[PDB]
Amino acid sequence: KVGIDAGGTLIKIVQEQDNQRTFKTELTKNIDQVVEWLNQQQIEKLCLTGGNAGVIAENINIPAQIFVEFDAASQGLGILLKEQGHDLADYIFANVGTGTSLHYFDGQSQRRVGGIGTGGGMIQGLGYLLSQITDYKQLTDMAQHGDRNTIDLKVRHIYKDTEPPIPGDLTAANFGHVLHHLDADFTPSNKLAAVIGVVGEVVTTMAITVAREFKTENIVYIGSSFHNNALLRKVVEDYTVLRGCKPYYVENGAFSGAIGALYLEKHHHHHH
């Protein structure tokens, strides 16, 4: 009756009652408060996934079954895409969580085709180092209207009056313009926009590269890293389109794993 994806930073909960979902999030830091909540419900089985699933299972007396997050994510995302009118033959999905995991879905199953440590954790952690802000809403709100111009170097900055070998407006070097602007006021907003910029550019670069390798035009982006971060969504969407791919975002995409755990548990029951 409950699906829980207990990830590196957020615990995603999907409560099912009367054929409708109720979505909840809690910080993984507060995992004990998830157990508290569970102990006040009338749940007969936990469908778990994610790195911290074992911690919940070992701290509560409710029967639990654990599912590997890659398969749970892929299944929940498949459900959400169909619910939302997308009938895709294949796609890359990039799960931009605490870190970023990349998968190719061929129409039937997923395989992991790469990963990178540039994701939501870097946004928070490097963000804190450059701004001293710990609150996620404060951090991301501050970043939205930051100006990356004095921090990031573009191809045209290097090639100047010469026509460049690749488009001039492309980022050549994240943070590569800093040393050209050493008298600049590197504001917290500007610095944080550059952090979101580099995370978005790296994720998208990897996603479009495996899209080419596995011969799909479709890239689906999920993960809580996009929550309250319109800038990140735009950086990713824009570059995806520029490189000839189609980006998709999913309503409640961050809950793919939790939805997938519930579904996998259902269909685990069979016999031969």
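Residues carry their position along the shown sequence, with the first being 1.
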Please confirm whether residue 16, modelled here, goes without coordinates in at least one third of the other compared entries that cover both its neighbours.
-> no
With reference to the PDB entry, specify whether the mean Cα temperature factor is higher for 20 to 28 or for 5 to 13.
-> 20 to 28
Comparing 90 to 98 with 181 to 189, where is the mean C-alpha B-factor higher?
-> 181 to 189
Tell me, please, which of 226, 239, 70, 37 has the highest C-alpha B factor according to the deposited entry?
-> 37
Highest Cα B-factor in the PDB entry belongs to which of 114, 78, 117, 107?
-> 107
For residue 146, the third of its chain into which the C-alpha B factor falls | middle
With respect to C-alpha B-factor, does residue 218 fall in the lowest, middle or highest third of the chain as deposited?
-> middle
By the record's CA B-factor, is residue 41 among the lowest, middle or highest third of residues in the chain?
-> highest
Of the three thirds of its chain by CA temperature factor, lowest, middle or highest, which one includes residue 160?
-> highest
For residue 56, the third of its chain by CA B-factor is the highest
